[PDB]
2 protein chains.
Amino acid sequence: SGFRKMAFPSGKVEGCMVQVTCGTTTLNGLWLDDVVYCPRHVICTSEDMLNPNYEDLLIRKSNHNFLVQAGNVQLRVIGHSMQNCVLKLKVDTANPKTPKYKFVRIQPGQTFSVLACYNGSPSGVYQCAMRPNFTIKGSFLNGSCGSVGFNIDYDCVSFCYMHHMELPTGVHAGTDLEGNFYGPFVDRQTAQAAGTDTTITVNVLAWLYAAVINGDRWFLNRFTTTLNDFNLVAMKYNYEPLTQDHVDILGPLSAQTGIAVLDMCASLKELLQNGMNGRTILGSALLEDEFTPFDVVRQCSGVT
Amino acid sequence: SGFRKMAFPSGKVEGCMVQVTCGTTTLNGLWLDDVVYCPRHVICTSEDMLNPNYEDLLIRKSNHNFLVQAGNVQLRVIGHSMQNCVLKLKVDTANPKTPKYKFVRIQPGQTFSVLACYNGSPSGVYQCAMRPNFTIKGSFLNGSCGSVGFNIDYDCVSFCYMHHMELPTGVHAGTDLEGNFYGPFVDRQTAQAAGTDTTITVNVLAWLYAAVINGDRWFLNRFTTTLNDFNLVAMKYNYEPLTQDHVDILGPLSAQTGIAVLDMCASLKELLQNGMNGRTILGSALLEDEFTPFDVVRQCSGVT
Ligand SMILES: COc1ccccc1OCCNC(=O)c1cncc2ccccc12
Ligand SMILES: COc1ccccc1OCCNC(=O)c1cncc2ccccc12
């Protein structure tokens with residue numbers, strides 16, 4: 001028992017981390033096979049950042065200007081190309097530590113592990129969610145660009161995120177591994193509206209099921225609700241509307257606990273309307289939305 | 001910016017994880033050099049667990065009875081010995097992936113990363129603290145025994161914990177890597193008093209400094225206090241007494257923020273006496289005590 005914000009083991013990803021330097025800027029790259037992927041803003045200086053013309057800036061750079069270092073050894077760059085907001089540096093050596101991997105575009109509300117890196121060196125690993133507004137509430141400092149988010153299924157690493165910038169609001173924005181930003185964000189130093197965020201309702205319900213599995217049951221009540229009634233409450237409290245697809249994804253947890261999804265919705269409705277009254281659930285004094293139903297079952301079943 | 005419950009990258013530790021089977025019991029072992037370390041209860045059946053005579057049970061076992069598998073390959077056991085509550089299985093092959101490492105006994109209130117494992121395979125990594133009462137609030141299921149806790153300084157892994165059991169209360173107990181239990185716990189299936197836990201005051205203060213560094217400042221007030229006055233409040237709220245050694249450890253964060261330690265104590269006193277009033281600090285609705293002053297500076301400085 002016990003329920004923690006558990007990240008995937010970061011080993012397979014640590015072996016892919018490299019340092020990429022261009023001019024005076026250094027950030028992290030992801031070395032998979034004979035390609036190094038990094039944020040395209042590695043080619044910017046500081047006068048550039050307000051509105052960079054990436055095409056023009058990249059034209060001034062040659063393969064030899066991209067310094068790629070994997071631990072203590074230098075990689076030879078034999079090609080460079082820009083795909084959306086990422087640079088793809090072809091190197092002459094395939095990474096011997098390349099795990100089985102895929103590039104995936106995650107959906108808002110899904111979770112992933114982030115391996116925070118500086119100068120191509122891993123400093124820490126944490127679990128987070130892609131917010132409904134396509135920002136991530138990460139922990140990143142100067143030099144963390146190129147740090148990636150991922151999920152792992154047995155031996156396959158599904159890379160879903162590459163860190164690009166921190167918005168003036170202190171939340172983080174980045175791309176999928178094809179360089180497409182999640183959300184409306186652009187790789188420019190300008191004020192960018194993140195847009196209204198909501199709480200990931202299906203995740204809160206999954207976490208409420210995790211609480212019951214792990215002994216915390218004080219919030220269970222004698223009530224039930226309908227999807228429509230629950231969604232009126234979800235709207236008032238800036239929660240995402242619950243759909244039957246979400247009820248269906250919660251099926252396994254409902255069967256495990258014997259608590260119907262709509263019955264758990266009525267518990268959540270009561271917690272939203274009455275608060276926690278100074279109590280806690282799984283060591284938290286607020287409703288947690290960074291665990292998916294899959295994460296709850298994975299953590300409660302011990303999938304390696 | 002941003003502040004997360006960040007774990008150390010688990011790669012160096014993943015490379016040490018093996019599966020140890022003895023009779024019908026399978027758990028995890030830690031393979032460092034030519035030694036595999038695992039909990040001694042691997043030799044117990046089920047009738048044994050209520051009060052095992054470990055010496056007698058081990059006498060019936062021979063080197064060939066300990067099956068040690070590292071991924072897909074079998075390790076040859078050439079020696080076995082019991083040191084406190086751990087078994088040390090000498091193998092004929094030194095682990096090629098052995099990182100630089102030390103075995104350390106952590107102090108209560110200190111933090112560490114746990115790599116949860118099942119069948120010698122890593123499933124996840126999370127950060128936690130050794131509670132003042134020498135339990136850990138982990139996330140462990142059947143088969144997680146032998147999973148370890150550690151800290152990493154540059155290239156050196158300091159192993160501090162090996163998981164042994166879950167108490168009837170749902171909290172976890174284990175040993176240092178010499179097999180000495182943290183706390184009064186014994187490796188028997190009996191009810192064991194964990195003893196009164198307290199909140200790690202120096203850690204809450206460190207986390208309050210992290211909040212200020214990351215923009216959350218609503219809790220800063222116009223007050224100050226003395227160590228004696230603060231400790232009367234800490235006693236009432238089951239917080240550990242703050243000592244000058246704790247004030248000294250908070251020195252760097254006090255200099256960084258320009259907020260005197262006793263001034264931050266007065267903020268903490270007010271939060272303890274008035275609660276949060278429905279507000280949050282670093283995404284938490286309670287006072288967090290699982291970040292040490294060293295962790296706060298490490299996360300806020302990007303040490304790799
Ligand atoms: C506004 O910056 C950019 C805009 C567009 C494109 C790139 C921008 O950044 C480039 C450098 N950024 C970082 O290294 C950074 C990343 N995350 C967290 C941080 C926290 C404090 C200081 C810096 C960072
Ligand atoms: C009372 O058990 C023991 C007592 C003394 C010595 C050993 C004991 O356990 C041996 C097996 N234990 C585990 O595999 C275990 C570890 N953590 C979390 C769990 C959650 C649910 C079920 C089992 C576990």
# chains A, B, ... in the order shown; residues from 1 in each chain; ligands from 1

$ residues_around --residues "region 112-120 of chain B" --least-positions-apart "3" --cutoff "7 Å" --atoms "only C-alpha atoms" --output "count of residues only"
27

$ closest_atom_pairs --of "chain A" --to "ligand 2" --cutoff "10 Å" --atoms "only C-alpha atoms and all ligand atoms" --output "tab-separated table"
residue	atom	partner	partner_atom_place_in_ligand_line	distance
A:1	CA	ligand 2	20 (C)	5.3
A:2	CA	ligand 2	18 (C)	8.5
A:300	CA	ligand 2	20 (C)	9.8

$ residues_around --residues "residue 178 (chain A)" --least-positions-apart "2" --cutoff "12 Å" --atoms "only C-alpha atoms" --output "PDB file with N, CA, C and O atoms, in the first residue's frame"
ATOM      1  N   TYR A  37      18.289  15.287 -31.179  1.00  0.00           N
ATOM      2  CA  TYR A  37      17.150  16.191 -31.228  1.00  0.00           C
ATOM      3  C   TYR A  37      17.309  17.212 -30.139  1.00  0.00           C
ATOM      4  O   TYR A  37      17.555  16.838 -29.003  1.00  0.00           O
ATOM      5  N   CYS A  38      17.123  18.489 -30.450  1.00  0.00           N
ATOM      6  CA  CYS A  38      17.210  19.539 -29.427  1.00  0.00           C
ATOM      7  C   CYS A  38      16.301  20.707 -29.830  1.00  0.00           C
ATOM      8  O   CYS A  38      15.908  20.799 -30.998  1.00  0.00           O
ATOM      9  N   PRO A  39      15.970  21.626 -28.896  1.00  0.00           N
ATOM     10  CA  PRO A  39      15.162  22.790 -29.265  1.00  0.00           C
ATOM     11  C   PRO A  39      15.908  23.667 -30.256  1.00  0.00           C
ATOM     12  O   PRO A  39      17.117  23.845 -30.154  1.00  0.00           O
ATOM     13  N   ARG A  40      15.182  24.180 -31.247  1.00  0.00           N
ATOM     14  CA  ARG A  40      15.805  24.985 -32.270  1.00  0.00           C
ATOM     15  C   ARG A  40      16.371  26.308 -31.740  1.00  0.00           C
ATOM     16  O   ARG A  40      17.295  26.841 -32.351  1.00  0.00           O
ATOM     17  N   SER A  81      19.043  19.737 -39.688  1.00  0.00           N
ATOM     18  CA  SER A  81      17.776  20.136 -40.284  1.00  0.00           C
ATOM     19  C   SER A  81      16.819  20.578 -39.217  1.00  0.00           C
ATOM     20  O   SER A  81      16.922  20.156 -38.070  1.00  0.00           O
ATOM     21  N   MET A  82      15.933  21.481 -39.577  1.00  0.00           N
ATOM     22  CA  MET A  82      14.940  22.003 -38.651  1.00  0.00           C
ATOM     23  C   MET A  82      13.590  21.404 -38.998  1.00  0.00           C
ATOM     24  O   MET A  82      13.154  21.498 -40.145  1.00  0.00           O
ATOM     25  N   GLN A  83      12.916  20.798 -38.025  1.00  0.00           N
ATOM     26  CA  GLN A  83      11.585  20.238 -38.243  1.00  0.00           C
ATOM     27  C   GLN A  83      10.723  20.948 -37.217  1.00  0.00           C
ATOM     28  O   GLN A  83      10.973  20.788 -36.021  1.00  0.00           O
ATOM     29  N   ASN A  84       9.827  21.832 -37.653  1.00  0.00           N
ATOM     30  CA  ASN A  84       8.991  22.604 -36.712  1.00  0.00           C
ATOM     31  C   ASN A  84       9.928  23.399 -35.708  1.00  0.00           C
ATOM     32  O   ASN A  84      10.863  24.053 -36.183  1.00  0.00           O
ATOM     33  N   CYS A  85       9.824  23.192 -34.400  1.00  0.00           N
ATOM     34  CA  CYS A  85      10.682  23.885 -33.427  1.00  0.00           C
ATOM     35  C   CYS A  85      11.823  23.030 -32.877  1.00  0.00           C
ATOM     36  O   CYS A  85      12.434  23.406 -31.866  1.00  0.00           O
ATOM     37  N   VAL A  86      12.148  21.907 -33.533  1.00  0.00           N
ATOM     38  CA  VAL A  86      13.303  21.117 -33.098  1.00  0.00           C
ATOM     39  C   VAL A  86      14.366  21.080 -34.195  1.00  0.00           C
ATOM     40  O   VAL A  86      14.065  21.238 -35.389  1.00  0.00           O
ATOM     41  N   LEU A  87      15.604  20.928 -33.780  1.00  0.00           N
ATOM     42  CA  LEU A  87      16.720  20.721 -34.705  1.00  0.00           C
ATOM     43  C   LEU A  87      17.047  19.231 -34.644  1.00  0.00           C
ATOM     44  O   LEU A  87      16.977  18.625 -33.576  1.00  0.00           O
ATOM     45  N   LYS A  88      17.384  18.634 -35.784  1.00  0.00           N
ATOM     46  CA  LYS A  88      17.764  17.234 -35.903  1.00  0.00           C
ATOM     47  C   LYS A  88      19.193  17.254 -36.418  1.00  0.00           C
ATOM     48  O   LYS A  88      19.460  17.737 -37.518  1.00  0.00           O
ATOM     49  N   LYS A 102       9.566   5.209 -29.274  1.00  0.00           N
ATOM     50  CA  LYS A 102       8.579   5.771 -30.182  1.00  0.00           C
ATOM     51  C   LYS A 102       8.488   7.256 -29.843  1.00  0.00           C
ATOM     52  O   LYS A 102       8.819   7.670 -28.727  1.00  0.00           O
ATOM     53  N   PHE A 103       8.004   8.046 -30.774  1.00  0.00           N
ATOM     54  CA  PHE A 103       7.705   9.445 -30.523  1.00  0.00           C
ATOM     55  C   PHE A 103       6.196   9.517 -30.479  1.00  0.00           C
ATOM     56  O   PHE A 103       5.545   9.102 -31.442  1.00  0.00           O
ATOM     57  N   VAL A 104       5.623   9.992 -29.368  1.00  0.00           N
ATOM     58  CA  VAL A 104       4.165  10.086 -29.273  1.00  0.00           C
ATOM     59  C   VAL A 104       3.708  11.479 -28.873  1.00  0.00           C
ATOM     60  O   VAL A 104       4.401  12.212 -28.166  1.00  0.00           O
ATOM     61  N   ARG A 105       2.531  11.849 -29.345  1.00  0.00           N
ATOM     62  CA  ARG A 105       1.917  13.121 -28.998  1.00  0.00           C
ATOM     63  C   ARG A 105       0.882  12.780 -27.933  1.00  0.00           C
ATOM     64  O   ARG A 105      -0.088  12.083 -28.235  1.00  0.00           O
ATOM     65  N   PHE A 159       8.634   8.849 -26.086  1.00  0.00           N
ATOM     66  CA  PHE A 159       8.987  10.244 -25.811  1.00  0.00           C
ATOM     67  C   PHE A 159       7.841  11.115 -26.213  1.00  0.00           C
ATOM     68  O   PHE A 159       7.398  11.034 -27.353  1.00  0.00           O
ATOM     69  N   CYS A 160       7.334  11.935 -25.291  1.00  0.00           N
ATOM     70  CA  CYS A 160       6.216  12.801 -25.607  1.00  0.00           C
ATOM     71  C   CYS A 160       6.504  14.258 -25.490  1.00  0.00           C
ATOM     72  O   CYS A 160       5.695  15.030 -25.982  1.00  0.00           O
ATOM     73  N   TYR A 161       7.587  14.665 -24.801  1.00  0.00           N
ATOM     74  CA  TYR A 161       7.777  16.089 -24.571  1.00  0.00           C
ATOM     75  C   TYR A 161       9.208  16.510 -24.650  1.00  0.00           C
ATOM     76  O   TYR A 161      10.060  15.758 -24.249  1.00  0.00           O
ATOM     77  N   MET A 162       9.472  17.715 -25.139  1.00  0.00           N
ATOM     78  CA  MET A 162      10.807  18.294 -25.084  1.00  0.00           C
ATOM     79  C   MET A 162      10.613  19.694 -24.538  1.00  0.00           C
ATOM     80  O   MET A 162       9.801  20.458 -25.055  1.00  0.00           O
ATOM     81  N   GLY A 174       6.505  23.379 -24.209  1.00  0.00           N
ATOM     82  CA  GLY A 174       7.408  22.600 -25.025  1.00  0.00           C
ATOM     83  C   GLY A 174       6.705  21.907 -26.160  1.00  0.00           C
ATOM     84  O   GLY A 174       5.530  22.158 -26.434  1.00  0.00           O
ATOM     85  N   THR A 175       7.445  21.038 -26.826  1.00  0.00           N
ATOM     86  CA  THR A 175       6.971  20.400 -28.026  1.00  0.00           C
ATOM     87  C   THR A 175       6.881  18.872 -27.920  1.00  0.00           C
ATOM     88  O   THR A 175       7.425  18.277 -26.992  1.00  0.00           O
ATOM     89  N   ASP A 176       6.263  18.232 -28.921  1.00  0.00           N
ATOM     90  CA  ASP A 176       6.378  16.789 -29.069  1.00  0.00           C
ATOM     91  C   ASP A 176       7.793  16.605 -29.756  1.00  0.00           C
ATOM     92  O   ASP A 176       8.471  17.604 -30.055  1.00  0.00           O
ATOM     93  N   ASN A 180       6.515  20.067 -32.652  1.00  0.00           N
ATOM     94  CA  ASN A 180       5.247  20.764 -32.613  1.00  0.00           C
ATOM     95  C   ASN A 180       4.936  21.137 -31.186  1.00  0.00           C
ATOM     96  O   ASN A 180       4.735  20.251 -30.354  1.00  0.00           O
ATOM     97  N   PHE A 181       4.798  22.428 -30.914  1.00  0.00           N
ATOM     98  CA  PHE A 181       4.371  22.873 -29.592  1.00  0.00           C
ATOM     99  C   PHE A 181       3.031  22.277 -29.153  1.00  0.00           C
ATOM    100  O   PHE A 181       2.099  22.101 -29.957  1.00  0.00           O
ATOM    101  N   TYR A 182       2.949  21.967 -27.877  1.00  0.00           N
ATOM    102  CA  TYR A 182       1.691  21.635 -27.252  1.00  0.00           C
ATOM    103  C   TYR A 182       1.131  23.002 -26.901  1.00  0.00           C
ATOM    104  O   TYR A 182       1.836  23.849 -26.334  1.00  0.00           O
TER     105      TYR A 182
END

$ select_by_dssp --residues "region 153-208 of chain A" --states "helix (DSSP H, G or I)" --output "PDB file with N, CA, C and O atoms, in the first residue's frame"
ATOM      1  N   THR A 201     -10.795  15.965 -14.234  1.00  0.00           N
ATOM      2  CA  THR A 201     -11.825  15.214 -13.524  1.00  0.00           C
ATOM      3  C   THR A 201     -11.608  13.698 -13.502  1.00  0.00           C
ATOM      4  O   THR A 201     -11.683  13.091 -12.421  1.00  0.00           O
ATOM      5  N   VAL A 202     -11.325  13.068 -14.672  1.00  0.00           N
ATOM      6  CA  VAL A 202     -11.148  11.608 -14.705  1.00  0.00           C
ATOM      7  C   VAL A 202      -9.986  11.183 -13.787  1.00  0.00           C
ATOM      8  O   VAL A 202     -10.092  10.185 -13.096  1.00  0.00           O
ATOM      9  N   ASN A 203      -8.918  11.990 -13.753  1.00  0.00           N
ATOM     10  CA  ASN A 203      -7.739  11.761 -12.878  1.00  0.00           C
ATOM     11  C   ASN A 203      -8.051  11.912 -11.419  1.00  0.00           C
ATOM     12  O   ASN A 203      -7.589  11.107 -10.599  1.00  0.00           O
ATOM     13  N   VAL A 204      -8.855  12.922 -11.038  1.00  0.00           N
ATOM     14  CA  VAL A 204      -9.255  13.089  -9.630  1.00  0.00           C
ATOM     15  C   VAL A 204     -10.042  11.855  -9.191  1.00  0.00           C
ATOM     16  O   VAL A 204      -9.725  11.267  -8.167  1.00  0.00           O
ATOM     17  N   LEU A 205     -10.964  11.399 -10.023  1.00  0.00           N
ATOM     18  CA  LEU A 205     -11.762  10.203  -9.723  1.00  0.00           C
ATOM     19  C   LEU A 205     -10.881   8.981  -9.607  1.00  0.00           C
ATOM     20  O   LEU A 205     -11.007   8.227  -8.645  1.00  0.00           O
ATOM     21  N   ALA A 206      -9.897   8.838 -10.501  1.00  0.00           N
ATOM     22  CA  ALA A 206      -8.956   7.720 -10.434  1.00  0.00           C
ATOM     23  C   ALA A 206      -8.185   7.769  -9.084  1.00  0.00           C
ATOM     24  O   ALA A 206      -8.060   6.761  -8.385  1.00  0.00           O
ATOM     25  N   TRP A 207      -7.784   8.961  -8.680  1.00  0.00           N
ATOM     26  CA  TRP A 207      -7.044   9.155  -7.434  1.00  0.00           C
ATOM     27  C   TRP A 207      -7.926   8.886  -6.211  1.00  0.00           C
ATOM     28  O   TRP A 207      -7.429   8.363  -5.207  1.00  0.00           O
ATOM     29  N   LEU A 208      -9.215   9.195  -6.303  1.00  0.00           N
ATOM     30  CA  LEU A 208     -10.190   8.882  -5.271  1.00  0.00           C
ATOM     31  C   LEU A 208     -10.326   7.343  -5.161  1.00  0.00           C
ATOM     32  O   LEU A 208     -10.306   6.822  -4.046  1.00  0.00           O
TER      33      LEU A 208
END

$ residues_near_ligand --ligand "ligand 1" --cutoff "8 Å" --atoms "only C-alpha atoms and all ligand atoms" --output "mmCIF file with C-alpha atoms, in the first residue's frame"
data_model
loop_
_atom_site.group_PDB
_atom_site.id
_atom_site.type_symbol
_atom_site.label_atom_id
_atom_site.label_comp_id
_atom_site.auth_asym_id
_atom_site.auth_seq_id
_atom_site.Cartn_x
_atom_site.Cartn_y
_atom_site.Cartn_z
ATOM 1 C CA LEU A 27 21.281 23.092 -23.806
ATOM 2 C CA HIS A 41 16.411 28.066 -30.042
ATOM 3 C CA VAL A 42 19.961 26.676 -29.433
ATOM 4 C CA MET A 49 14.826 35.914 -28.592
ATOM 5 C CA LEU A 50 12.144 38.634 -28.822
ATOM 6 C CA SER A 139 10.617 22.330 -12.189
ATOM 7 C CA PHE A 140 13.069 23.750 -14.690
ATOM 8 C CA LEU A 141 15.848 26.305 -14.476
ATOM 9 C CA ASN A 142 18.112 28.014 -17.059
ATOM 10 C CA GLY A 143 19.841 25.321 -19.132
ATOM 11 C CA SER A 144 17.051 22.721 -18.752
ATOM 12 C CA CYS A 145 15.931 23.153 -22.413
ATOM 13 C CA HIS A 163 11.221 21.315 -22.845
ATOM 14 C CA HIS A 164 11.547 24.689 -24.631
ATOM 15 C CA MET A 165 10.692 27.559 -22.312
ATOM 16 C CA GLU A 166 9.155 28.967 -19.206
ATOM 17 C CA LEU A 167 6.309 31.391 -19.754
ATOM 18 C CA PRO A 168 6.261 34.664 -17.730
ATOM 19 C CA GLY A 170 6.153 30.385 -14.322
ATOM 20 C CA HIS A 172 6.347 25.415 -18.818
ATOM 21 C CA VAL A 186 5.634 29.997 -29.884
ATOM 22 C CA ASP A 187 9.382 29.839 -29.234
ATOM 23 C CA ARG A 188 9.692 33.638 -28.714
ATOM 24 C CA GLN A 189 10.270 35.702 -25.574
ATOM 25 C CA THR A 190 6.857 37.332 -25.521
ATOM 26 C CA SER B 1 11.008 27.999 -11.489
#

$ select_by_dssp --residues "region 56-228 of chain A" --states "strand (DSSP E)" --output "ChimeraX atom specification"
/A:66-70,73-75,77-83,86-91,100-103,111-118,121-129,148-153,156-166,172-175

$ atom_distance --atom1 "CA of residue 245 (chain A)" --atom2 "CA of residue 229 (chain A)"
17.0 Å

$ closest_residue --among "B:69, B:157, B:133, B:224" --to "residue 261 (chain B)" --atoms "only C-alpha atoms"
B:224

$ atom_distance --atom1 "CA of residue 20 (chain B)" --atom2 "CA of residue 135 (chain B)"
24.5 Å

$ residues_around --residues "residue 156 (chain B)" --least-positions-apart "3" --cutoff "6 Å" --atoms "only C-alpha atoms" --output "JSON, numbers by chain"
{"B": [100, 101, 152, 153]}

$ write_last_selection --atoms "N, CA, C and O atoms" --output "PDB file, in the first residue's frame"
ATOM      1  N   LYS B 100      30.028   4.034  -8.691  1.00  0.00           N
ATOM      2  CA  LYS B 100      30.774   4.363  -7.456  1.00  0.00           C
ATOM      3  C   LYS B 100      29.668   4.447  -6.394  1.00  0.00           C
ATOM      4  O   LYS B 100      28.563   4.932  -6.699  1.00  0.00           O
ATOM      5  N   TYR B 101      29.898   3.832  -5.252  1.00  0.00           N
ATOM      6  CA  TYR B 101      28.875   3.766  -4.241  1.00  0.00           C
ATOM      7  C   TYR B 101      29.446   3.704  -2.844  1.00  0.00           C
ATOM      8  O   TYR B 101      30.596   3.328  -2.641  1.00  0.00           O
ATOM      9  N   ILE B 152      22.385  10.530  -4.571  1.00  0.00           N
ATOM     10  CA  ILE B 152      23.507  10.548  -5.522  1.00  0.00           C
ATOM     11  C   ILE B 152      24.269  11.855  -5.475  1.00  0.00           C
ATOM     12  O   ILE B 152      23.677  12.909  -5.692  1.00  0.00           O
ATOM     13  N   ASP B 153      25.581  11.793  -5.223  1.00  0.00           N
ATOM     14  CA  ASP B 153      26.425  12.982  -5.262  1.00  0.00           C
ATOM     15  C   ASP B 153      27.341  12.827  -6.481  1.00  0.00           C
ATOM     16  O   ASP B 153      28.276  12.028  -6.446  1.00  0.00           O
TER      17      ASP B 153
END

$ closest_residue --among "B:278, B:132, B:15, B:71" --to "residue 95 (chain B)" --atoms "only C-alpha atoms"
B:15

$ closest_residue --among "B:233, B:285, B:211, B:136" --to "residue 197 (chain B)" --atoms "only C-alpha atoms"
B:136
